[PDB]
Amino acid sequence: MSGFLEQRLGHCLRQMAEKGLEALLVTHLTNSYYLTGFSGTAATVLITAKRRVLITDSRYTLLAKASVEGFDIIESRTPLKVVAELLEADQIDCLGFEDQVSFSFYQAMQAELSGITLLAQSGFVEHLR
């Protein structure tokens, strides 16, 4: 009798723990919806053992805050700088991300995450369902 939505996140975290993956960036819409229940076309989700963060822009901050339970909501138009700050604050040196991101988005990640070992994941959230 656990929630369908919470259970999806528990399963994500258990997968991460089994793998030793300390942090997972989720950018693709069907995957972030899968984990958060949020619709909005702009959403960057960072999950660690300790943090569950939903970063969105202006258009959607109110909506998120009034609907998404169990994620800290952060308004920002440079979501990758926010990610970099969290990994630095939490002393995390590795970041999982989706291999389906565009190369341009990968360059933006390397620009902001210097020092962080980036680990492309193939179908990570896909393989949860």
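Quick note: we count residues from 1 along the sequence shown, nothing fancier.
- Mean CA B-factor, 86-94 versus 65-73: the higher value falls on 65-73.
- Between 32-40 and 46-54, the higher mean Cα B-factor belongs to 32-40.
- In the deposited entry, the Cα temperature factor of residue 112 places it in the lowest third of its chain's modelled residues.
- Annotation for residue 21: C-alpha temperature factor in the middle third relative to the rest of the modelled chain, per the entry.
- Ranked against the other modelled residues of its chain, the C-alpha B-factor of residue 119 as given in the entry falls in the lowest third.
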